[PDB]
Amino acid sequence: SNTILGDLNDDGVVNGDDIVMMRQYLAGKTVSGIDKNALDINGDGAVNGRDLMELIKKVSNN
Amino acid sequence: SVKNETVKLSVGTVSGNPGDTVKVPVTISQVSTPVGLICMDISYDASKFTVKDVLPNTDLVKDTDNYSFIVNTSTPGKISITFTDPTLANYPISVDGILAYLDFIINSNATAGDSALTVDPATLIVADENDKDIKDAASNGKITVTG
Ligand SMILES: [Ca+2]
Ligand SMILES: [Ca+2]
C-alpha cells in the first residue's frame, strides 16, 4: 500500500533518506526497513543505478 | 546524445604469476556529452581470481565523499560499477581517462593462460546529467596468468 514513487522507507516523503537506502542497497548492503517493492522506480524490471539516478532527480525537482 | 557519440568503457589487461596481486584499469573514452551516469558489469573467472579492491580514479570520479562511485561484488564472478553525479550538474565525467582500478588476487593453483574480463554489453548504461541515453560500447580486458 506504498503509493509514493521513490519512498523506499515508506515514510510518506521522498528525500535523502531514500537516497541513502538506494545507495546502500546497490552496494549489496542489508538495508533494514527498506521496501523492496519501491526500488524499481522507472519500471524497467531491474534495480540499478538508473533507479538511483531517477530518485536523485525526483528529490531535486521537489 | 545530440553529438550521437559512442562512449566506450574498456577493461585493461595485466599479467601476473599465481598468488600475485594484480591491478587492471577500467577506462572511458570518446566522451563528449558530460556523463552523469554509468552502469557496467565486469565478469571474471572466480575459480582463478578474487576481487580485492575496486577503487575510483578521483582525478576523474569526483564527489566520492557523497557516494558517487558504488561497487557491488555480491555476485560470484561479477563486479557491478555504478557512477552517478549526486548533484546532477557539478561533477560529470567530461574527458577520457581511467574510471576505476580493479585489484585481483590470483589463486595460487591457477593455470597459466588468458582469462577474459568481460563487460556485459546488454547491461551497459551511460547517460547525461538528465538521465538521457548516451550510445555505449564495451571493450573487454583479461588477465594473463604466467607459468
Ligand atoms: Ca521516504
Ligand atoms: Ca529500474
# chains A, B, ... in the order shown; residues from 1 in each chain; ligands from 1
call {"tool": "residues_around", "arguments": {"residues": "residue A:58", "least_positions_apart": "4", "cutoff": "9 Å", "atoms": "only C-alpha atoms", "output": "list in words"}}
result
residues 5, 6, 14, 15, 53, 54 and 62 of chain A
call {"tool": "residues_near_ligand", "arguments": {"ligand": "ligand 1", "cutoff": "10 Å", "atoms": "only C-alpha atoms and all ligand atoms", "output": "PyMOL selection string"}}
result
chain A and resi 4-19+21+34-35
call {"tool": "interface_residues", "arguments": {"of": "chain B", "to": "chain A", "cutoff": "9 Å", "atoms": "only C-alpha atoms", "output": "MDAnalysis selection string"}}
result
chainID B and resid 36:39 67 70:74 80:88 125 127 130:131
call {"tool": "residues_near_ligand", "arguments": {"ligand": "ligand 2", "cutoff": "8 Å", "atoms": "only C-alpha atoms and all ligand atoms", "output": "mmCIF file with C-alpha atoms, in the first residue's frame"}}
result
data_model
loop_
_atom_site.group_PDB
_atom_site.id
_atom_site.type_symbol
_atom_site.label_atom_id
_atom_site.label_comp_id
_atom_site.auth_asym_id
_atom_site.auth_seq_id
_atom_site.Cartn_x
_atom_site.Cartn_y
_atom_site.Cartn_z
ATOM 1 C CA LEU A 39 13.227 0.027 -5.750
ATOM 2 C CA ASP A 40 12.257 -0.197 -9.448
ATOM 3 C CA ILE A 41 11.443 3.480 -9.911
ATOM 4 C CA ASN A 42 11.444 3.599 -13.728
ATOM 5 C CA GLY A 43 9.529 0.324 -14.099
ATOM 6 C CA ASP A 44 12.013 -1.381 -16.418
ATOM 7 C CA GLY A 45 12.246 -4.660 -14.479
ATOM 8 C CA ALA A 46 15.678 -4.123 -12.899
ATOM 9 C CA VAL A 47 17.106 -2.295 -9.887
ATOM 10 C CA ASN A 48 20.297 -0.498 -10.899
ATOM 11 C CA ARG A 50 19.295 4.354 -13.231
ATOM 12 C CA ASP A 51 16.756 3.979 -10.420
#
call {"tool": "residues_around", "arguments": {"residues": "residue B:119", "least_positions_apart": "2", "cutoff": "9 Å", "atoms": "only C-alpha atoms", "output": "short mmCIF file (atom, residue, chain, number, x, y, z; two decimals) with N, CA, C and O atoms, in the first residue's frame"}}
result
data_model
loop_
_atom_site.label_atom_id
_atom_site.label_comp_id
_atom_site.auth_asym_id
_atom_site.auth_seq_id
_atom_site.Cartn_x
_atom_site.Cartn_y
_atom_site.Cartn_z
N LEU B 9 33.48 1.95 -22.78
CA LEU B 9 34.01 1.50 -21.50
C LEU B 9 34.90 0.29 -21.75
O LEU B 9 34.42 -0.75 -22.22
N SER B 10 36.19 0.43 -21.44
CA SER B 10 37.17 -0.60 -21.72
C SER B 10 37.80 -1.11 -20.43
O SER B 10 38.06 -0.33 -19.51
N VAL B 11 38.03 -2.41 -20.38
CA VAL B 11 38.77 -3.05 -19.30
C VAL B 11 40.16 -3.40 -19.82
O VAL B 11 40.30 -3.92 -20.94
N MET B 40 27.81 -0.54 -15.28
CA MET B 40 28.53 -1.56 -16.02
C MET B 40 28.81 -2.75 -15.12
O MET B 40 29.02 -2.60 -13.92
N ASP B 41 28.81 -3.94 -15.73
CA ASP B 41 29.16 -5.18 -15.05
C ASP B 41 30.40 -5.76 -15.71
O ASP B 41 30.54 -5.73 -16.94
N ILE B 42 31.30 -6.30 -14.89
CA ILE B 42 32.53 -6.92 -15.37
C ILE B 42 32.55 -8.35 -14.85
O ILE B 42 32.48 -8.58 -13.63
N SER B 43 32.64 -9.31 -15.76
CA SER B 43 32.67 -10.72 -15.43
C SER B 43 34.12 -11.21 -15.35
O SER B 43 34.97 -10.78 -16.14
N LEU B 117 38.24 -10.64 -19.03
CA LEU B 117 37.44 -9.76 -18.18
C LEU B 117 36.40 -9.11 -19.08
O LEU B 117 36.74 -8.24 -19.89
N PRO B 121 27.58 -6.38 -22.39
CA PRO B 121 27.11 -5.32 -23.28
C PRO B 121 25.62 -5.04 -23.19
O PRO B 121 25.18 -3.97 -23.63
N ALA B 122 24.83 -5.96 -22.63
CA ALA B 122 23.39 -5.78 -22.53
C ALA B 122 22.98 -4.97 -21.32
O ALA B 122 21.86 -4.45 -21.29
N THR B 123 23.84 -4.86 -20.31
CA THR B 123 23.55 -4.10 -19.10
C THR B 123 24.30 -2.77 -19.04
O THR B 123 24.10 -2.00 -18.10
N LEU B 124 25.15 -2.49 -20.02
CA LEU B 124 25.95 -1.27 -20.01
C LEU B 124 25.04 -0.06 -20.22
O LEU B 124 24.31 0.01 -21.21
N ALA B 138 31.19 -1.57 -25.42
CA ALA B 138 32.00 -2.32 -24.48
C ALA B 138 33.27 -2.83 -25.14
O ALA B 138 33.28 -3.19 -26.32
N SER B 139 34.35 -2.86 -24.36
CA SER B 139 35.62 -3.42 -24.81
C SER B 139 36.20 -4.24 -23.66
O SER B 139 36.37 -3.72 -22.55
N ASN B 140 36.49 -5.51 -23.93
CA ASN B 140 36.88 -6.45 -22.89
C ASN B 140 38.38 -6.38 -22.60
O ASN B 140 39.18 -5.95 -23.43
N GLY B 141 38.73 -6.80 -21.39
CA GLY B 141 40.12 -6.97 -21.00
C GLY B 141 40.40 -8.41 -20.65
O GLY B 141 39.66 -9.30 -21.07
#
call {"tool": "atom_distance", "arguments": {"atom1": "atom CA of residue B:27", "atom2": "atom CA of residue B:99"}}
result
5.3 Å
call {"tool": "atom_distance", "arguments": {"atom1": "atom CA of residue B:51", "atom2": "atom CA of residue B:135"}}
result
28.8 Å
call {"tool": "residues_around", "arguments": {"residues": "residue B:16", "least_positions_apart": "6", "cutoff": "10 Å", "atoms": "only C-alpha atoms", "output": "number ranges by chain"}}
result
B: 22-23, 104-106, 112, 143-147
call {"tool": "write_last_selection", "arguments": {"atoms": "N, CA, C and O atoms", "output": "JSON list (two decimals), in the first residue's frame"}}
result
[["chain", "number", "residue", "atom", "x", "y", "z"],
["B", 22, "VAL", "N", 47.26, -8.29, -8.74],
["B", 22, "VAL", "CA", 47.42, -7.57, -10.00],
["B", 22, "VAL", "C", 46.37, -6.47, -10.09],
["B", 22, "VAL", "O", 45.25, -6.60, -9.59],
["B", 23, "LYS", "N", 46.76, -5.37, -10.73],
["B", 23, "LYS", "CA", 45.90, -4.21, -10.91],
["B", 23, "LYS", "C", 45.62, -4.02, -12.39],
["B", 23, "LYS", "O", 46.54, -4.01, -13.21],
["B", 104, "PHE", "N", 42.90, -7.77, -8.27],
["B", 104, "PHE", "CA", 42.58, -9.18, -8.18],
["B", 104, "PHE", "C", 43.70, -9.93, -7.48],
["B", 104, "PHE", "O", 44.87, -9.58, -7.59],
["B", 105, "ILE", "N", 43.32, -10.99, -6.76],
["B", 105, "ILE", "CA", 44.27, -11.92, -6.16],
["B", 105, "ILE", "C", 44.19, -13.21, -6.97],
["B", 105, "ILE", "O", 43.13, -13.85, -7.04],
["B", 106, "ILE", "N", 45.31, -13.59, -7.59],
["B", 106, "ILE", "CA", 45.34, -14.78, -8.43],
["B", 106, "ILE", "C", 45.49, -16.01, -7.54],
["B", 106, "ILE", "O", 46.41, -16.08, -6.71],
["B", 112, "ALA", "N", 48.19, -21.34, -16.09],
["B", 112, "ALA", "CA", 48.72, -20.30, -16.97],
["B", 112, "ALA", "C", 47.81, -20.11, -18.17],
["B", 112, "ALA", "O", 47.22, -21.06, -18.69],
["B", 143, "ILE", "N", 43.19, -11.15, -17.88],
["B", 143, "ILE", "CA", 44.35, -11.36, -17.01],
["B", 143, "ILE", "C", 45.11, -12.56, -17.56],
["B", 143, "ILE", "O", 44.55, -13.65, -17.72],
["B", 144, "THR", "N", 46.40, -12.36, -17.86],
["B", 144, "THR", "CA", 47.27, -13.42, -18.34],
["B", 144, "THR", "C", 48.04, -13.99, -17.15],
["B", 144, "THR", "O", 48.86, -13.29, -16.54],
["B", 145, "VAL", "N", 47.76, -15.24, -16.80],
["B", 145, "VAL", "CA", 48.50, -15.93, -15.75],
["B", 145, "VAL", "C", 49.75, -16.54, -16.36],
["B", 145, "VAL", "O", 49.67, -17.32, -17.32],
["B", 146, "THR", "N", 50.91, -16.20, -15.81],
["B", 146, "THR", "CA", 52.18, -16.70, -16.30],
["B", 146, "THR", "C", 52.59, -17.93, -15.50],
["B", 146, "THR", "O", 52.25, -18.08, -14.33],
["B", 147, "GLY", "N", 53.34, -18.82, -16.16],
["B", 147, "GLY", "CA", 53.81, -20.04, -15.52],
["B", 147, "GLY", "C", 55.23, -20.40, -15.92],
["B", 147, "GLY", "O", 55.81, -21.35, -15.38]]
call {"tool": "select_by_dssp", "arguments": {"residues": "stretch 7-143 of chain B", "states": "strand (DSSP E)", "output": "PyMOL selection string"}}
result
chain B and resi 7-11+13-16+21-29+35-43+49-56+69-72+78-84+97-106+113-119+125-128+135-139+141-143
call {"tool": "select_by_dssp", "arguments": {"residues": "chain A", "states": "helix (DSSP H, G or I)", "output": "list in words"}}
result
residues 16, 17, 18, 19, 20, 21, 22, 23, 24, 25, 26, 36, 37, 38, 49, 50, 51, 52, 53, 54, 55, 56, 57, 58, 59, 60 and 61 of chain A
call {"tool": "atom_distance", "arguments": {"atom1": "atom CA of residue B:60", "atom2": "atom CA of residue B:46"}}
result
28.8 Å
call {"tool": "residues_around", "arguments": {"residues": "residue B:56", "least_positions_apart": "2", "cutoff": "8 Å", "atoms": "only C-alpha atoms", "output": "number ranges by chain"}}
result
B: 54, 58, 61, 69, 99-101
call {"tool": "write_last_selection", "arguments": {"atoms": "C-alpha atoms", "output": "mmCIF file, in the first residue's frame"}}
result
data_model
loop_
_atom_site.group_PDB
_atom_site.id
_atom_site.type_symbol
_atom_site.label_atom_id
_atom_site.label_comp_id
_atom_site.auth_asym_id
_atom_site.auth_seq_id
_atom_site.Cartn_x
_atom_site.Cartn_y
_atom_site.Cartn_z
ATOM 1 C CA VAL B 54 37.612 -1.692 -6.851
ATOM 2 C CA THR B 58 39.447 10.565 -8.075
ATOM 3 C CA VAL B 61 35.354 10.493 -10.470
ATOM 4 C CA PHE B 69 31.030 5.586 -7.050
ATOM 5 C CA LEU B 99 37.425 5.392 -14.285
ATOM 6 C CA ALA B 100 38.496 2.800 -11.704
ATOM 7 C CA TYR B 101 41.171 0.268 -10.768
#
